[PDB]
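**Q** quick one, what's the 3D model for this:
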Amino acid sequence: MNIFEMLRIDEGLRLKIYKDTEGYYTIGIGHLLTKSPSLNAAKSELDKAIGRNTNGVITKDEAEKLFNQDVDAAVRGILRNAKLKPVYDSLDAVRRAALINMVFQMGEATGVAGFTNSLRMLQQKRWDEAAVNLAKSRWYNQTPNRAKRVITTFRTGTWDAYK
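**A** Numbering: from 1, shown residues only. The protein structure is shown below:
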């Protein structure tokens, strides 16, 4: 198991524009296109991302290409964030993947950098406590199964939730 497999499990793979759990236009492996309610806006953003006139449909290779960029971006976003960086560097490899998962989901470092208290607990390696704190969130209330998977990963440092 690794970050790519993990997120592929959490996000699924869809080749035609769809709406995410928040109703936003998305494609591929969780690639958010736009927060706009306009399908045409989403089709424009898609074509711009792929570099062709897609008509709302992409191939598997294309999906994977967006996915790789998106994982890079999430990691880079963490390394560039003053709050996230030290946490991430303090973590073991498994848990690092849990943190990338959150940033990818929340599509931005910002979101996650906000979870101050949980961040501090993770850095201190107080796993059970962090796990409880993380669950007191809109995040855990809206997508509870996915959040449980990510929280278990932080609590245990293993991939058991994904196995």
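
**Q** quick one, strands of the chain?
**A** With strands called from DSSP state E, the chain shows them at 14-19, 25-28, 31-34.

**Q** OK, contacts around residue 132?
**A** Counting by CB atoms under 8 Å, 6 or more residues apart in numbering, residue 132 touches no other residue. C-beta here means a position set from N, CA and C on the backbone, and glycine is covered the same way.

**Q** please apply the same query to residue 25.
**A** Here residue 25 is in contact with 17, 18, 19, 32, 33, 34, 36, 39, 41, 42, 45 (criterion: CB under 8 Å, 6+ apart).

**Q** residue contacts, the third one?
**A** Think residue 19. For residue 19, the contact set (CB under 8 Å, 6+ apart) comprises 25, 26.

**Q** still on that earlier bit, just the buried residues from the contacts of residue 25, in PyMOL please.
**A** To isolate the buried members of those in PyMOL, using 16 or more other CB atoms under 10 Å:
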select buried, resi 17+32+33+34+42+45
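
**Q** save the contacts of residue 25 as JSON lines, and put in distance to residue 96 too.
**A** Output for these, formatted as JSON lines (distance: CB to CB, whole Å):
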{"residue": "17", "distance to residue 96": "31"}
{"residue": "18", "distance to residue 96": "29"}
{"residue": "19", "distance to residue 96": "30"}
{"residue": "32", "distance to residue 96": "22"}
{"residue": "33", "distance to residue 96": "27"}
{"residue": "34", "distance to residue 96": "29"}
{"residue": "36", "distance to residue 96": "33"}
{"residue": "39", "distance to residue 96": "36"}
{"residue": "41", "distance to residue 96": "34"}
{"residue": "42", "distance to residue 96": "32"}
{"residue": "45", "distance to residue 96": "30"}
